[PDB]
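Here you get one chain, nothing else, as structure tokens; it is the form deposited in one PDB entry.
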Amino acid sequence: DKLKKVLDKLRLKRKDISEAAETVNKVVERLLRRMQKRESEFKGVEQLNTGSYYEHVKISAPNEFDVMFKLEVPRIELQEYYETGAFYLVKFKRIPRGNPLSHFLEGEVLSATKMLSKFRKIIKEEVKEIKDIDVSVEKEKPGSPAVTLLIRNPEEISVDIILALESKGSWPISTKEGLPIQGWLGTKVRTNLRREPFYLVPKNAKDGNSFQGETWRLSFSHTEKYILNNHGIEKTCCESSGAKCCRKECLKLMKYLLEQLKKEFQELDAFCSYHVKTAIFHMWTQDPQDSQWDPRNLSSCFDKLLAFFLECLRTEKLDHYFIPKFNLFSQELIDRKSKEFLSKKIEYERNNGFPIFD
């Protein structure tokens, strides 16, 4: 059927991106070596591996990539910003030796503006020293914290570099009810996952001039990668001595559906792949059995996912999987009329054999 052909095409797409991805990894690794050799406050920076396959990355053009550089910081303190904990403020507790980041403080709070400014400056200095491949830094885009590399070898590649802080302390109290897979992968696996650090990525809120450049959101890219690659109740699920399921195939179909609709209808700009991943996480929790995801029944499983999403559209409610009070479908994030538009598009595609996949 059309769906299997689409899967084949999606899979064949990795070949056209593999060489660019390799050049990107080469450049990034050179940059990391440079950053680790020089003496500065970013000496401990490292690449966070978040996956490079179509399933792991956000929707992107085939020659656009993103990487996260993680940094270590001692004993931070988090102050909630909203009522749902969508944003967080970072402050510092007692340090005996003296805070090495003292001169980046603004009042009691760490200034993201200063850190990104220094990060960008350092990147510009080191990228100037890469002599064998033409790598420069794109002019800073006001409103985007990424430092964007432009690589010309000889075709133009864009790499958005996002600085991410890493904290080894306790997980925030808001996430107490998050990750409800106690019945899906057992309690011990949940505990082992919750015994791991968490990440903070700079993000401005859309709430006035005050505190702009001083707000951060949580990142759990490691746990999500782990769950994606270890997703069965059976230890051998999707392994070489186990049986395949269609969980990732369904994810790919819905992500590609959204990608094509967003391409066709710029009305859909405010939707992203994170909504799809959250929805499918909820479905994987509701239907934990591998037999509820047989590849033979891929299309039927996809349809049962579609119906849930339409109801998610209709109630304007989609709780963040890690932060239950964080409603991804709030009025403020996505206008009701955009969701009604998406509903109409989804019903059209479902009733006409998905012509947008053509």
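Residue indices: 1-based, along the sequence shown.
The protein also exists as the form deposited with a small molecule bound; that form is not presented, and the subsequent description refers to it.
- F326 is the sole member of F42, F326, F308, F302 with a non-hydrogen atom lying within 4.5 angstroms of the small molecule in the deposited complex.
- This chain is drawn without the small molecule; in the deposited complex, the residue among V147, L218, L110, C246 with a heavy atom within 4.5 Å of it is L218.
- The small molecule in the deposited complex comes within 4.5 Å of no heavy atom belonging to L261.
- The closest non-hydrogen atom of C272 lies within 4.5 Å of the small molecule in the deposited complex.
- Contact between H320 and the small molecule in the deposited complex is found at the 4.5 Å heavy atom cutoff.
- In the deposited complex, none of the heavy atoms of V135 sits within 4.5 Å of a heavy atom of the small molecule.
- Contact annotation: the small molecule lies within 4.5 Å of heavy atoms from the stretch 272-280 in the deposited complex, the single such stretch among 246-254, 272-280, 204-212, 179-187.
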